[PDB]
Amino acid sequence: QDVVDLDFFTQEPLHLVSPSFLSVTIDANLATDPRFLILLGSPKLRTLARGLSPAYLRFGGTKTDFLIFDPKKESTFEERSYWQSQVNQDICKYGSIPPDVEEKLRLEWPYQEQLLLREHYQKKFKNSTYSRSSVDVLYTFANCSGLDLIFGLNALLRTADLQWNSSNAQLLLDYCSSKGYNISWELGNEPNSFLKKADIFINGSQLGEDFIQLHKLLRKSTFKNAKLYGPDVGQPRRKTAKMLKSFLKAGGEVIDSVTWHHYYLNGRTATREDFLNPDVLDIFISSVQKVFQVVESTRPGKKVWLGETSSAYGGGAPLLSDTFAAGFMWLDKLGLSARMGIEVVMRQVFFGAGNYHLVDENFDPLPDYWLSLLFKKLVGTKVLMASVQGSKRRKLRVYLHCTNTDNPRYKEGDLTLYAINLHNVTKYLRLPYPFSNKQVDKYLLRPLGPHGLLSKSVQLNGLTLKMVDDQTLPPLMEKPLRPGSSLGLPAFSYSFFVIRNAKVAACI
């Protein structure tokens, strides 16, 4: 019997996630050579980013601590040409990249991506500077896409006696004020590895004092209520958890959320079997619990965010992080993050170097994009609970929220269920009373073509998902089911199910 009874716990929300729960990053290394930020002027990338609104866009990464704002930095032919074409034009409606500039940057980009990835793996970072125009590219991309920019400041600018030197930050904050920019801030990226990356050790008490310093600058700015997030530590291995604890004790008062990072695997060694292994999926739960321990003992009730996360570190697992098979880790991470109290999850990366990107080198969406878009359209902020009967929940993983209220097909009280089947056979889910004779809309994702799970193309209810054109996402078409029918989930797949007229009081 491959028929599994669901239990639903709908009486009240377990947690409330932000409307921006599914958020994204742009790696700070896109600014190593700032010409490549102009790729963010693509109308195709804008269309795709808009599909994920509301969301935060976090500009950060290892390079956050090797970037220096220079208000007099010279621009390049690419940058000068891009900005010259936007003059006297509504950039959000009509902005594009000049075709010569677009062609050149796209020819150079695969070399650049190799450089960025190898620089990362060798841990040989140099300081580089970025201009006012670079800031403007990031700001307008985010603003035109309906995203909220979070900008990571360089925490390795240091005085003689090991204190953060805030003078470059001040330059930047003043520039942003003078343009009317609504930006939230971070300081430093993965401070736990500063010793390896820069042979400077900054401990968490000191980093907290640095955050205190920054908060004081933000209070004196024209944007007095700008938000401040930190400390963007790596996942909570012993020394990292100790550093998080000391940081929160010293600087925990001035941060609006606690940010940490997670990757399941080393991209160099990850296997196909690891991507489908529920034991790999389950280790994320240990990371989450350790984080909440540190936070509850120092700043209880403080919001906890995943500030940078994906399948595999080192730029992603080649031939795996950009596939349908990467969806199991991504959907499960969202499911668990919601159910365990994480308020925002920031996906490394929307676009950029690596293959854990949502959108590729030709600005085409990967399967994880489509998964993210369907999640955004269907899943609401109120987290409920589901479970499967029989204590084999490892391979059939289920999550339940109120249906997204912004969705015009659905109404107050409707439920969105989502489910992952990691068995090698089809499973059938039976809804419990009082949801057992309802109209249900199915949204089943399956990979397209001969590579099966390793495909980079995906179908929704048997229709290939593809952008209509550069300005247009497709409709995501439900498959209505017979009332009372069980919910069928093929081997190695994932699906959403919207329970219509469910009338759940908690979702109203």
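Heads up: residue numbers just count along the shown sequence, starting at 1.
For the segment pair 342-350 and 127-135, the entry gives 127-135 the higher mean B-factor, averaged over Cα atoms. With 63-71 and 22-30 compared on mean CA B-factor from the PDB entry, the stretch scoring higher is 63-71. Per the deposited record, 249 carries the highest C-alpha B-factor of all listed residues (249, 357, 302, 333). Across 174, 322, 256, 232, the greatest Cα temperature factor reported in the deposited entry is at 174. Ranked against the other modelled residues of its chain, the C-alpha B-factor of residue 100 as given in the entry falls in the highest third.
Remark: residue 502 belongs to the lowest third of its chain, ranked by C-alpha B-factor as recorded.
For residue 17, the recorded CA temperature factor ranks within the lowest third of the chain's modelled residues.
Among the modelled residues of its chain, residue 483 has a C-alpha B-factor that falls in the highest third according to the deposited record. Among the modelled residues of its chain, residue 51 has a C-alpha B-factor that falls in the lowest third according to the deposited record.
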